[PDB]
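Novice: Just entry09.cif, nothing more (mmCIF, C-alpha atoms and all ligand atoms):
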data_my_file
loop_
_atom_site.label_atom_id
_atom_site.label_comp_id
_atom_site.auth_asym_id
_atom_site.auth_seq_id
_atom_site.Cartn_x
_atom_site.Cartn_y
_atom_site.Cartn_z
CA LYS A 331 16.89 162.77 108.44
CA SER A 332 17.40 162.02 104.75
CA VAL A 333 18.81 163.73 101.67
CA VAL A 334 18.66 162.70 98.00
CA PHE A 335 21.82 163.33 95.98
CA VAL A 336 21.10 163.72 92.27
CA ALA A 337 23.92 163.98 89.73
CA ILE A 338 22.86 165.09 86.24
CA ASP A 339 24.53 165.38 82.84
CA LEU A 340 22.97 166.27 79.48
CA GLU A 341 24.34 166.25 75.93
CA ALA A 342 23.39 168.34 72.91
CA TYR A 343 23.92 167.55 69.22
CA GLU A 344 27.26 168.85 67.92
CA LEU A 345 25.78 170.15 64.67
CA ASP A 346 22.52 171.45 66.14
CA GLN A 347 22.67 172.76 69.70
CA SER A 348 18.87 172.98 69.93
CA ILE A 349 18.66 169.20 70.03
CA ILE A 350 19.08 167.54 73.43
CA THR A 351 19.95 163.90 72.81
CA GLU A 352 20.68 162.18 76.13
CA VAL A 353 20.15 162.57 79.87
CA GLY A 354 22.37 161.00 82.52
CA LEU A 355 21.06 160.56 86.06
CA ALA A 356 22.87 159.23 89.11
CA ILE A 357 20.86 159.10 92.32
CA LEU A 358 21.95 158.36 95.88
CA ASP A 359 19.16 158.25 98.46
CA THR A 360 20.71 158.36 101.93
CA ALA A 361 17.44 156.98 103.30
CA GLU A 362 18.37 153.73 101.55
CA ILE A 363 21.59 153.57 103.57
CA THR A 364 20.18 154.77 106.90
CA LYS A 373 26.15 150.79 105.05
CA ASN A 374 28.08 150.56 101.78
CA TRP A 375 27.24 153.72 99.84
CA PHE A 376 28.45 153.10 96.27
CA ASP A 377 26.35 149.93 96.02
CA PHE A 378 23.22 152.06 96.50
CA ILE A 379 23.85 154.44 93.60
CA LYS A 380 20.95 154.33 91.14
CA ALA A 381 22.01 155.29 87.62
CA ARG A 382 19.94 155.95 84.50
CA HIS A 383 20.89 156.78 80.93
CA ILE A 384 18.04 158.27 78.93
CA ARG A 385 18.31 158.50 75.15
CA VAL A 386 15.86 160.92 73.53
CA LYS A 387 13.92 158.63 71.21
CA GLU A 388 13.19 161.28 68.57
CA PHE A 389 16.90 162.04 68.43
CA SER A 390 18.89 158.80 68.63
CA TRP A 391 20.25 159.39 65.14
CA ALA A 392 21.89 162.59 66.33
CA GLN A 393 25.43 161.43 67.08
CA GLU A 403 28.97 154.54 73.54
CA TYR A 404 26.83 152.24 75.70
CA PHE A 405 25.80 152.50 79.35
CA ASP A 406 28.15 150.83 81.87
CA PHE A 407 25.82 151.11 84.87
CA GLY A 408 22.61 149.68 83.43
CA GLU A 409 20.64 149.59 80.19
CA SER A 410 20.06 152.77 78.18
CA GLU A 411 16.43 153.89 78.12
CA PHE A 412 14.59 155.41 75.16
CA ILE A 413 11.98 158.03 76.01
CA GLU A 414 10.05 160.52 73.87
CA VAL A 415 10.93 164.22 74.25
CA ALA A 416 7.44 165.04 75.57
CA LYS A 417 7.82 162.53 78.40
CA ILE A 418 11.32 163.58 79.49
CA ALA A 419 10.21 166.54 81.65
CA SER A 420 7.93 164.43 83.85
CA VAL A 421 10.72 161.89 84.30
CA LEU A 422 13.04 164.67 85.51
CA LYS A 423 10.30 166.05 87.76
CA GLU A 424 9.66 162.60 89.25
CA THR A 425 13.38 162.14 89.92
CA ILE A 426 13.81 165.52 91.60
CA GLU A 427 10.41 166.16 93.20
CA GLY A 428 8.89 162.69 93.48
CA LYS A 438 8.94 166.50 99.16
CA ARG A 439 12.36 165.37 100.39
CA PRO A 440 15.36 167.73 100.15
CA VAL A 441 17.49 167.22 97.05
CA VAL A 442 21.14 168.04 96.36
CA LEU A 443 21.90 168.64 92.69
CA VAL A 444 25.39 167.79 91.46
CA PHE A 445 26.57 169.22 88.15
CA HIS A 446 29.68 169.62 86.08
CA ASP A 447 29.29 173.00 84.35
CA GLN A 448 26.06 174.02 86.09
CA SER A 449 25.03 176.76 83.64
CA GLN A 450 25.22 174.47 80.60
CA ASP A 451 23.23 171.66 82.21
CA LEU A 452 20.59 173.94 83.72
CA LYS A 453 20.07 175.29 80.20
CA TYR A 454 19.65 171.79 78.75
CA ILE A 455 17.20 170.82 81.51
CA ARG A 456 15.12 173.90 80.67
CA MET A 457 15.22 173.01 76.97
CA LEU A 458 13.65 169.63 77.78
CA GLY A 459 10.58 171.16 79.41
CA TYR A 460 11.44 171.02 83.11
CA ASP A 461 11.35 174.08 85.36
CA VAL A 462 14.01 173.72 88.06
CA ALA A 463 12.96 177.04 89.60
CA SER A 464 9.56 175.53 90.40
CA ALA A 465 11.20 172.87 92.58
CA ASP A 466 11.06 174.11 96.18
CA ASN A 467 12.95 171.16 97.65
CA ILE A 468 16.42 171.94 96.27
CA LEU A 469 18.76 172.14 99.26
CA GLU A 470 22.11 172.74 97.52
CA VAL A 471 23.60 172.83 94.03
CA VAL A 472 27.15 171.55 93.62
CA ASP A 473 29.29 172.32 90.57
CA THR A 474 32.42 170.17 90.26
CA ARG A 475 33.71 172.44 87.49
CA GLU A 476 34.14 175.15 90.11
CA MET A 477 35.80 172.85 92.65
CA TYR A 478 38.18 171.41 90.06
CA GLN A 479 39.09 174.92 88.92
CA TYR A 480 39.67 175.67 92.59
CA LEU A 481 41.82 172.52 92.85
CA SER A 482 43.91 173.51 89.82
CA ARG A 483 46.48 175.13 92.10
CA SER A 484 46.49 172.27 94.60
CA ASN A 485 49.66 170.25 95.16
CA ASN A 486 48.05 166.86 95.79
CA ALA A 487 45.45 167.38 93.07
CA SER A 488 48.22 168.17 90.60
CA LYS A 489 50.05 164.98 91.60
CA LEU A 490 46.97 162.88 90.86
CA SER A 491 46.62 164.59 87.47
CA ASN A 492 50.24 163.81 86.59
CA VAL A 493 49.71 160.15 87.44
CA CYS A 494 46.51 159.96 85.40
CA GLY A 495 48.30 161.88 82.65
CA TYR A 496 51.19 159.42 82.75
CA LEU A 497 48.88 156.41 82.61
CA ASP A 498 46.85 157.95 79.77
CA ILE A 499 44.06 155.49 80.59
CA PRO A 500 41.54 155.08 77.73
CA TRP A 501 38.02 155.21 79.16
CA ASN A 503 32.18 154.14 76.42
CA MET A 504 33.16 157.66 77.51
CA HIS A 505 30.76 160.31 76.15
CA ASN A 506 27.78 158.53 77.68
CA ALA A 507 25.92 161.02 79.87
CA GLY A 508 24.98 158.20 82.22
CA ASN A 509 28.63 157.39 82.90
CA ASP A 510 29.45 161.09 83.15
CA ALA A 511 26.88 161.44 85.92
CA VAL A 512 28.00 158.34 87.84
CA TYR A 513 31.66 159.40 87.92
CA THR A 514 30.58 162.85 89.08
CA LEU A 515 28.49 161.47 91.95
CA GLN A 516 31.05 158.85 93.02
CA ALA A 517 33.75 161.53 93.10
CA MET A 518 31.80 163.92 95.32
CA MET A 519 30.28 161.31 97.63
CA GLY A 520 33.62 159.57 98.15
CA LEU A 521 35.18 162.95 98.88
CA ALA A 522 32.39 164.11 101.20
CA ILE A 523 32.26 160.89 103.21
CA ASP A 524 36.05 160.76 103.58
CA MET A 525 36.41 164.40 104.65
CA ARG A 526 33.72 163.78 107.26
CA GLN A 527 35.21 160.57 108.67
CA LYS A 528 38.75 161.98 108.80
CA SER A 529 37.49 165.09 110.59
CA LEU A 530 35.81 163.00 113.30
CA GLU A 531 39.23 161.44 113.95
CA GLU R 330 51.05 148.12 79.16
CA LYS R 331 51.89 151.05 81.45
CA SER R 332 50.67 150.41 84.99
CA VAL R 333 50.69 151.98 88.45
CA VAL R 334 49.94 150.50 91.87
CA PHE R 335 48.00 152.77 94.23
CA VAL R 336 48.66 152.00 97.88
CA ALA R 337 46.71 153.73 100.63
CA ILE R 338 48.22 153.28 104.08
CA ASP R 339 47.11 153.98 107.63
CA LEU R 340 48.76 152.98 110.89
CA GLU R 341 47.44 153.25 114.41
CA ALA R 342 49.41 153.71 117.61
CA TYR R 343 48.41 152.76 121.14
CA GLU R 344 46.38 155.56 122.73
CA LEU R 345 48.65 155.90 125.76
CA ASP R 346 51.94 155.07 124.02
CA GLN R 347 52.66 156.33 120.50
CA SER R 348 55.69 154.03 120.30
CA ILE R 349 53.41 151.00 120.26
CA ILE R 350 51.93 150.23 116.84
CA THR R 351 48.59 148.42 117.06
CA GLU R 352 47.17 148.51 113.53
CA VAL R 353 48.19 148.72 109.88
CA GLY R 354 45.71 149.59 107.14
CA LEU R 355 46.47 148.80 103.50
CA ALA R 356 44.31 149.49 100.45
CA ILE R 357 45.74 148.50 97.07
CA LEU R 358 44.54 149.27 93.55
CA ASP R 359 46.54 147.77 90.69
CA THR R 360 45.62 149.55 87.45
CA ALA R 361 47.00 146.56 85.54
CA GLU R 362 43.95 144.62 86.77
CA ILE R 363 41.62 146.90 84.79
CA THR R 364 43.71 147.14 81.63
CA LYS R 373 34.02 145.65 85.90
CA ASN R 374 34.50 148.91 87.78
CA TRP R 375 37.63 150.28 89.48
CA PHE R 376 36.54 150.08 93.14
CA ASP R 377 35.68 146.41 92.66
CA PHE R 378 39.40 145.75 92.15
CA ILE R 379 40.46 147.33 95.46
CA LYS R 380 42.35 144.91 97.72
CA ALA R 381 42.12 145.79 101.41
CA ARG R 382 44.04 144.43 104.41
CA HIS R 383 43.71 145.00 108.15
CA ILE R 384 46.65 143.95 110.31
CA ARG R 385 46.47 144.01 114.10
CA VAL R 386 50.06 144.00 115.36
CA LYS R 387 50.77 141.42 118.08
CA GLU R 388 53.91 142.13 120.14
CA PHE R 389 54.73 138.42 120.48
CA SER R 390 54.29 135.35 118.29
CA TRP R 391 54.09 131.87 119.82
CA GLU R 403 35.92 148.47 115.77
CA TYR R 404 35.90 145.65 113.21
CA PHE R 405 37.09 145.40 109.58
CA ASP R 406 34.34 145.99 107.01
CA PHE R 407 36.32 144.96 103.92
CA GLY R 408 37.72 141.58 104.92
CA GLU R 409 39.11 139.61 107.85
CA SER R 410 41.65 141.13 110.24
CA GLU R 411 45.13 139.59 110.17
CA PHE R 412 47.35 139.11 113.21
CA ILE R 413 51.08 139.57 112.61
CA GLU R 414 54.06 140.06 114.95
CA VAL R 415 55.87 143.41 114.98
CA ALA R 416 59.06 141.83 113.64
CA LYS R 417 57.35 140.75 110.41
CA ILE R 418 55.35 143.92 109.71
CA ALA R 419 58.22 145.79 108.02
CA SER R 420 58.73 143.03 105.45
CA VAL R 421 54.98 142.95 104.81
CA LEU R 422 54.99 146.66 104.02
CA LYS R 423 58.15 146.33 101.93
CA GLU R 424 56.62 143.48 99.92
CA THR R 425 53.51 145.57 99.34
CA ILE R 426 55.45 148.58 98.06
CA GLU R 427 58.47 146.83 96.53
CA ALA R 437 61.24 147.45 92.70
CA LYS R 438 59.64 146.85 89.28
CA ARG R 439 56.33 148.72 89.03
CA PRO R 440 55.76 152.39 90.05
CA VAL R 441 53.82 152.96 93.28
CA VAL R 442 51.62 155.86 94.34
CA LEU R 443 51.44 156.35 98.10
CA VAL R 444 48.25 157.78 99.56
CA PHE R 445 48.28 159.01 103.15
CA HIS R 446 46.14 160.97 105.55
CA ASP R 447 48.59 162.88 107.76
CA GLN R 448 51.70 161.76 105.89
CA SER R 449 54.25 162.65 108.58
CA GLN R 450 52.53 160.65 111.32
CA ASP R 451 52.18 157.48 109.25
CA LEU R 452 55.70 157.66 107.82
CA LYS R 453 56.92 157.96 111.40
CA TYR R 454 55.10 154.79 112.47
CA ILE R 455 56.42 152.83 109.48
CA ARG R 456 59.99 153.92 110.26
CA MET R 457 59.54 152.70 113.84
CA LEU R 458 58.63 149.32 112.36
CA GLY R 459 62.04 149.25 110.69
CA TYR R 460 61.00 150.07 107.13
CA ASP R 461 61.97 153.27 105.33
CA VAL R 462 59.33 153.92 102.66
CA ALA R 463 61.10 157.08 101.46
CA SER R 464 64.09 154.89 100.60
CA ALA R 465 61.92 153.00 98.09
CA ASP R 466 62.97 154.20 94.65
CA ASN R 467 59.85 152.99 92.84
CA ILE R 468 57.67 155.67 94.43
CA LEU R 469 56.04 157.71 91.68
CA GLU R 470 54.05 160.11 93.86
CA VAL R 471 53.09 160.64 97.48
CA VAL R 472 49.62 162.06 98.14
CA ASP R 473 48.51 163.52 101.48
CA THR R 474 44.75 163.97 101.75
CA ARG R 475 45.12 165.96 104.96
CA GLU R 476 46.80 168.72 102.96
CA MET R 477 44.17 168.69 100.22
CA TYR R 478 41.36 168.85 102.78
CA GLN R 479 43.08 171.81 104.45
CA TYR R 480 43.19 173.45 101.04
CA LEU R 481 39.55 172.49 100.45
CA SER R 482 38.52 173.98 103.79
CA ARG R 483 37.90 177.34 102.13
CA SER R 484 36.17 175.84 99.10
CA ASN R 485 32.57 176.81 98.34
CA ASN R 486 31.40 173.47 96.94
CA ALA R 487 33.31 171.43 99.54
CA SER R 488 31.68 173.44 102.34
CA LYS R 489 28.27 172.64 100.86
CA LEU R 490 28.96 168.90 101.07
CA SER R 491 30.26 169.27 104.63
CA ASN R 492 27.10 171.04 105.81
CA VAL R 493 24.91 168.32 104.30
CA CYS R 494 26.97 165.53 105.86
CA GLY R 495 26.98 167.39 109.18
CA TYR R 496 23.20 167.65 109.11
CA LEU R 497 22.67 163.98 108.19
CA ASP R 498 25.15 162.91 110.88
CA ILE R 499 25.36 159.39 109.41
CA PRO R 500 26.99 157.12 112.00
CA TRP R 501 29.76 154.96 110.52
CA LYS R 502 30.72 152.15 112.88
CA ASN R 503 34.39 151.10 113.02
CA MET R 504 35.59 154.48 111.77
CA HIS R 505 38.81 154.13 113.76
CA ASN R 506 39.65 150.82 112.09
CA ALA R 507 42.91 151.40 110.19
CA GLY R 508 41.79 149.04 107.42
CA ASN R 509 38.58 150.98 106.80
CA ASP R 510 40.50 154.25 107.11
CA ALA R 511 42.72 153.25 104.17
CA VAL R 512 39.83 152.10 101.97
CA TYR R 513 37.94 155.38 102.35
CA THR R 514 41.17 157.26 101.67
CA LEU R 515 41.86 155.38 98.43
CA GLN R 516 38.25 155.48 97.19
CA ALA R 517 38.12 159.24 97.78
CA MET R 518 41.27 159.99 95.80
CA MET R 519 40.72 157.48 92.99
CA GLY R 520 37.15 158.64 92.48
CA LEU R 521 38.36 162.24 92.46
CA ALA R 522 41.32 161.59 90.15
CA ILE R 523 39.34 159.60 87.58
CA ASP R 524 36.58 162.22 87.48
CA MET R 525 38.97 165.18 87.19
CA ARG R 526 40.67 163.41 84.29
CA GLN R 527 37.51 162.60 82.32
CA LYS R 528 36.01 166.07 82.80
CA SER R 529 39.21 167.73 81.58
CA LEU R 530 39.16 165.75 78.33
CA CA N 601 27.51 166.69 78.90
CA CA N 602 27.77 168.43 82.57
CA CA N 603 45.76 156.14 111.98
CA CA N 604 46.83 158.33 108.89
#
Translate this structure into structure tokens?

Specialist:
Amino acid sequence: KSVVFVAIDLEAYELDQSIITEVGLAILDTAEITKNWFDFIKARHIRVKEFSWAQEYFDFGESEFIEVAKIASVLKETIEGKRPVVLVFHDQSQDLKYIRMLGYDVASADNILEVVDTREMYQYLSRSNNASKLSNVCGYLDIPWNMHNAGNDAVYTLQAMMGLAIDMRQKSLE
Amino acid sequence: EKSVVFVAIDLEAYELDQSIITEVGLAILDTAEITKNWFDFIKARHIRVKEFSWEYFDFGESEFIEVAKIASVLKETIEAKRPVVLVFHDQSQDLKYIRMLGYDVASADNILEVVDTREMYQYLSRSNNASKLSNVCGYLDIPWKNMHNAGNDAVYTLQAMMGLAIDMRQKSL
């Protein structure tokens, strides 16, 4: 049994929302660990080569430059290669729009097992005691985070959910 | 430079006698050490408690320390100076064990926050997205060896909360 976790983030130009400028991908193939999960996270930052003027580096690899016409096939290869895929988003509606605008048809993919939106879970956690504590500590620290990079955005999203999922599982078995 | 020390703790008691402490798990993250990537700066310790001085641990080598010295080890870890965030799973049980070792963590005045993941997971039990992850992990049924190891238990606890806290912060900005 194997599942491919795919975290995705896309950015659009501030002054022209029809222009998609970067794609962040963070992949975790459980088949590659079936024992230290975060070492097996494959991250990619894709800068749209036609729109690199439309305006941070990539902290988990080297940023790629790809033409807009080639982006869709890259996304299709990532998601469809068919092995079951779990999509992880923050703000699912916004990112699904951006993916469509790049020429990829998510609906065509028959191998999507689940879609996870952290924006829902974090909203849900907004009235959580322990979650609020963590926020206060991070708010106190005011840590300055390279920060708009879609590649980083996707990695942090995947690490957060995988770390949470693994822990909840292990603690439930004991 | 403002800094906080995150300390994840797990203790284990003997199966047949909950008065006998057998293991202590510590996972430390000093934010001052990042002010690479955050999880690379996590310092883990596994202590098997020997009663007298004359599975495995996947994040280092297990230490052997006598019961009489454990309290000071914990106190040194927590304490005094810099603010400490305590991270537990089942806070009451672990605080009990520590007290029985002669150290009163609650007495420590440098405690900024105390986080109990067992509460959050209870709260997340009726979460839509959390349930999705659970079903996938239940299907995969990935076998993690040495899951009862108190050292590993603390590392997974800290990684889960730090990864969650960092992400929640960045996405809110
Ligand atoms: Ca984005
Ligand atoms: Ca997003
Ligand atoms: Ca324990
Ligand atoms: Ca515990």

Novice: Determine the nearest neighbour of residue 384 of chain R from the options R:364, R:485, R:410, R:491, counting only C-alpha atoms.

Specialist: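 Of R:364, R:485, R:410, R:491, the one nearest residue 384 of chain R is R:410, counting only C-alpha atoms.
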
Novice: Any idea which chain A residues end up within 8 Å of chain R if we count only C-alpha atoms, as a ChimeraX atom specification please?

Specialist: /A:331-333,364,373,446,470,472-474,476-478,480-481,484-487,489-491,493-495,497,513-514,516-518,520-527,531

Novice: Keeping only C-alpha atoms, write the selected residues as a CSV table (one decimal), in the coordinates of the input.

Specialist:
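Here's the written file selection_32.csv:
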chain,number,residue,atom,x,y,z
A,331,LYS,CA,16.9,162.8,108.4
A,332,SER,CA,17.4,162.0,104.8
A,333,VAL,CA,18.8,163.7,101.7
A,364,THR,CA,20.2,154.8,106.9
A,373,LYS,CA,26.2,150.8,105.0
A,446,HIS,CA,29.7,169.6,86.1
A,470,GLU,CA,22.1,172.7,97.5
A,472,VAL,CA,27.2,171.6,93.6
A,473,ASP,CA,29.3,172.3,90.6
A,474,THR,CA,32.4,170.2,90.3
A,476,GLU,CA,34.1,175.2,90.1
A,477,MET,CA,35.8,172.8,92.6
A,478,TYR,CA,38.2,171.4,90.1
A,480,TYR,CA,39.7,175.7,92.6
A,481,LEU,CA,41.8,172.5,92.8
A,484,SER,CA,46.5,172.3,94.6
A,485,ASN,CA,49.7,170.2,95.2
A,486,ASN,CA,48.0,166.9,95.8
A,487,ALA,CA,45.4,167.4,93.1
A,489,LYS,CA,50.0,165.0,91.6
A,490,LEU,CA,47.0,162.9,90.9
A,491,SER,CA,46.6,164.6,87.5
A,493,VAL,CA,49.7,160.2,87.4
A,494,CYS,CA,46.5,160.0,85.4
A,495,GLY,CA,48.3,161.9,82.6
A,497,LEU,CA,48.9,156.4,82.6
A,513,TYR,CA,31.7,159.4,87.9
A,514,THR,CA,30.6,162.8,89.1
A,516,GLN,CA,31.0,158.8,93.0
A,517,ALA,CA,33.8,161.5,93.1
A,518,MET,CA,31.8,163.9,95.3
A,520,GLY,CA,33.6,159.6,98.2
A,521,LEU,CA,35.2,163.0,98.9
A,522,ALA,CA,32.4,164.1,101.2
A,523,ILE,CA,32.3,160.9,103.2
A,524,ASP,CA,36.0,160.8,103.6
A,525,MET,CA,36.4,164.4,104.6
A,526,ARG,CA,33.7,163.8,107.3
A,527,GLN,CA,35.2,160.6,108.7
A,531,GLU,CA,39.2,161.4,114.0

Novice: I'd like the interatomic distance between atom CA of residue 515 of chain A and atom CA of residue 337 of chain A, to a tenth of an Å.

Specialist: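 Calculated distance between atom CA of residue 515 of chain A and atom CA of residue 337 of chain A is 5.7 Å.
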
Novice: Work out how far apart atom CA of residue 420 of chain A and atom CA of residue 504 of chain A are and give it in Å to one decimal.

Specialist: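 Between atom CA of residue 420 of chain A and atom CA of residue 504 of chain A the gap works out to 26.9 Å.
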
Novice: Counting only C-alpha atoms and all ligand atoms, which residue out of R:511, R:458, R:468, R:356 sits closest to ligand CA 604 (chain N)?

Specialist: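 So, comparing all the options, the nearest one is R:511.
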
Novice: Would you mind listing the residues within 9 Å of ligand CA 602 (chain N), counting all atoms listed in the file, as a PyMOL selection string?

Specialist: (chain A and resi 338-341+445-451+475+507+510-511) or (chain R and resi 528)

Novice: Please identify all polymer residues lying at most 10 Å from the point (27.0, 162.1, 69.0) (file coordinates), using all atoms listed in the file, and present the result as an NGL selection string.

Specialist: :A and (341-345 or 351-352 or 390-393 or 403 or 505-506)

Novice: Go ahead and write the selection's residues with C-alpha atoms as a CSV table (one decimal), in the frame of the given file.

Specialist:
chain,number,residue,atom,x,y,z
A,341,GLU,CA,24.3,166.2,75.9
A,342,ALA,CA,23.4,168.3,72.9
A,343,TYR,CA,23.9,167.6,69.2
A,344,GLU,CA,27.3,168.8,67.9
A,345,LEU,CA,25.8,170.2,64.7
A,351,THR,CA,20.0,163.9,72.8
A,352,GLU,CA,20.7,162.2,76.1
A,390,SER,CA,18.9,158.8,68.6
A,391,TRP,CA,20.2,159.4,65.1
A,392,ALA,CA,21.9,162.6,66.3
A,393,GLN,CA,25.4,161.4,67.1
A,403,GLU,CA,29.0,154.5,73.5
A,505,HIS,CA,30.8,160.3,76.2
A,506,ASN,CA,27.8,158.5,77.7

Novice: Calculate how many Å separate atom CA of residue 450 of chain R from atom CA of residue 355 of chain R, rounding to one decimal.

Specialist: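 Computed distance, atom CA of residue 450 of chain R to atom CA of residue 355 of chain R, equals 15.4 Å.
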
Novice: For ligand CA 601 (chain N), which residue among R:408, R:464, R:530, R:354 is the nearest when counting all atoms listed in the file?

Specialist: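 Distance minimum relative to ligand CA 601 (chain N) lands on R:530.
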
Novice: Could you build a table of the residues in chain R lying no more than 12 Å from ligand CA 603 (chain N), giving for each the nearest pair of atoms and their separation in Å rounded to one decimal place, using all atoms listed in the file, ordered by chain and ascending residue number, as CSV?

Specialist:
residue,atom,partner,partner_atom,distance
R:337,CA,N:CA603,CA,11.6
R:338,CA,N:CA603,CA,8.8
R:339,CA,N:CA603,CA,5.0
R:340,CA,N:CA603,CA,4.5
R:341,CA,N:CA603,CA,4.1
R:342,CA,N:CA603,CA,7.1
R:343,CA,N:CA603,CA,10.1
R:344,CA,N:CA603,CA,10.8
R:347,CA,N:CA603,CA,11.0
R:350,CA,N:CA603,CA,9.8
R:351,CA,N:CA603,CA,9.7
R:352,CA,N:CA603,CA,7.9
R:353,CA,N:CA603,CA,8.1
R:354,CA,N:CA603,CA,8.1
R:355,CA,N:CA603,CA,11.2
R:383,CA,N:CA603,CA,12.0
R:445,CA,N:CA603,CA,9.6
R:446,CA,N:CA603,CA,8.1
R:447,CA,N:CA603,CA,8.4
R:448,CA,N:CA603,CA,10.2
R:449,CA,N:CA603,CA,11.2
R:450,CA,N:CA603,CA,8.2
R:451,CA,N:CA603,CA,7.1
R:452,CA,N:CA603,CA,10.9
R:453,CA,N:CA603,CA,11.3
R:454,CA,N:CA603,CA,9.4
R:455,CA,N:CA603,CA,11.4
R:504,CA,N:CA603,CA,10.3
R:505,CA,N:CA603,CA,7.5
R:506,CA,N:CA603,CA,8.1
R:507,CA,N:CA603,CA,5.8
R:508,CA,N:CA603,CA,9.3
R:509,CA,N:CA603,CA,10.2
R:510,CA,N:CA603,CA,7.4
R:511,CA,N:CA603,CA,8.9
R:514,CA,N:CA603,CA,11.3

Novice: Quick one: residues within 12 Å of residue 465 of chain A, all atoms listed in the file, excluding same-chain residues fewer than 4 positions away - as a PyMOL selection string?

Specialist: chain A and resi 422-428+438-443+460-461+469-470

Novice: Please produce segment 457-475 of chain A, completed to N, CA and C atoms, as a PDB file, in the frame of the given file.

Specialist:
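Saved to result15.pdb:
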ATOM      1  N   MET A 457      15.550 173.318  78.355  1.00  0.00           N
ATOM      2  CA  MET A 457      15.220 173.010  76.970  1.00  0.00           C
ATOM      3  C   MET A 457      14.415 171.718  76.799  1.00  0.00           C
ATOM      4  N   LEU A 458      14.409 170.874  77.826  1.00  0.00           N
ATOM      5  CA  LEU A 458      13.650 169.630  77.780  1.00  0.00           C
ATOM      6  C   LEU A 458      12.258 169.750  78.403  1.00  0.00           C
ATOM      7  N   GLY A 459      11.922 170.934  78.904  1.00  0.00           N
ATOM      8  CA  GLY A 459      10.580 171.160  79.410  1.00  0.00           C
ATOM      9  C   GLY A 459      10.411 171.115  80.914  1.00  0.00           C
ATOM     10  N   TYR A 460      11.517 171.065  81.654  1.00  0.00           N
ATOM     11  CA  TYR A 460      11.440 171.020  83.110  1.00  0.00           C
ATOM     12  C   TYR A 460      11.880 172.343  83.738  1.00  0.00           C
ATOM     13  N   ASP A 461      11.094 172.809  84.704  1.00  0.00           N
ATOM     14  CA  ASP A 461      11.350 174.080  85.360  1.00  0.00           C
ATOM     15  C   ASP A 461      11.949 173.880  86.747  1.00  0.00           C
ATOM     16  N   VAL A 462      13.275 173.947  86.816  1.00  0.00           N
ATOM     17  CA  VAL A 462      14.010 173.720  88.060  1.00  0.00           C
ATOM     18  C   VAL A 462      13.596 174.736  89.126  1.00  0.00           C
ATOM     19  N   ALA A 463      13.357 175.973  88.698  1.00  0.00           N
ATOM     20  CA  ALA A 463      12.960 177.040  89.600  1.00  0.00           C
ATOM     21  C   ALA A 463      11.685 176.704  90.376  1.00  0.00           C
ATOM     22  N   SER A 464      10.800 175.930  89.756  1.00  0.00           N
ATOM     23  CA  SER A 464       9.560 175.530  90.400  1.00  0.00           C
ATOM     24  C   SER A 464       9.798 174.594  91.581  1.00  0.00           C
ATOM     25  N   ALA A 465      10.857 173.793  91.498  1.00  0.00           N
ATOM     26  CA  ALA A 465      11.200 172.870  92.580  1.00  0.00           C
ATOM     27  C   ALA A 465      11.588 173.627  93.848  1.00  0.00           C
ATOM     28  N   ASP A 466      10.831 173.407  94.918  1.00  0.00           N
ATOM     29  CA  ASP A 466      11.060 174.110  96.180  1.00  0.00           C
ATOM     30  C   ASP A 466      11.945 173.310  97.130  1.00  0.00           C
ATOM     31  N   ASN A 467      12.211 172.056  96.778  1.00  0.00           N
ATOM     32  CA  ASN A 467      12.950 171.160  97.650  1.00  0.00           C
ATOM     33  C   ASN A 467      14.454 171.069  97.385  1.00  0.00           C
ATOM     34  N   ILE A 468      14.987 171.961  96.556  1.00  0.00           N
ATOM     35  CA  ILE A 468      16.420 171.940  96.270  1.00  0.00           C
ATOM     36  C   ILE A 468      17.203 172.545  97.432  1.00  0.00           C
ATOM     37  N   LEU A 469      18.004 171.716  98.087  1.00  0.00           N
ATOM     38  CA  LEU A 469      18.760 172.140  99.260  1.00  0.00           C
ATOM     39  C   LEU A 469      20.076 172.828  98.873  1.00  0.00           C
ATOM     40  N   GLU A 470      20.844 172.187  97.997  1.00  0.00           N
ATOM     41  CA  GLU A 470      22.110 172.740  97.520  1.00  0.00           C
ATOM     42  C   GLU A 470      22.348 172.354  96.063  1.00  0.00           C
ATOM     43  N   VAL A 471      23.139 173.165  95.371  1.00  0.00           N
ATOM     44  CA  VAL A 471      23.600 172.830  94.030  1.00  0.00           C
ATOM     45  C   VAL A 471      25.119 172.833  93.999  1.00  0.00           C
ATOM     46  N   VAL A 472      25.699 171.702  93.620  1.00  0.00           N
ATOM     47  CA  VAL A 472      27.150 171.550  93.620  1.00  0.00           C
ATOM     48  C   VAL A 472      27.679 171.478  92.189  1.00  0.00           C
ATOM     49  N   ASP A 473      28.665 172.316  91.886  1.00  0.00           N
ATOM     50  CA  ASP A 473      29.290 172.320  90.570  1.00  0.00           C
ATOM     51  C   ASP A 473      30.748 171.882  90.697  1.00  0.00           C
ATOM     52  N   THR A 474      31.067 170.714  90.147  1.00  0.00           N
ATOM     53  CA  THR A 474      32.420 170.170  90.260  1.00  0.00           C
ATOM     54  C   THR A 474      33.392 170.942  89.381  1.00  0.00           C
ATOM     55  N   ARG A 475      32.864 171.653  88.389  1.00  0.00           N
ATOM     56  CA  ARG A 475      33.710 172.440  87.490  1.00  0.00           C
ATOM     57  C   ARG A 475      34.317 173.609  88.249  1.00  0.00           C
TER      58      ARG A 475
END
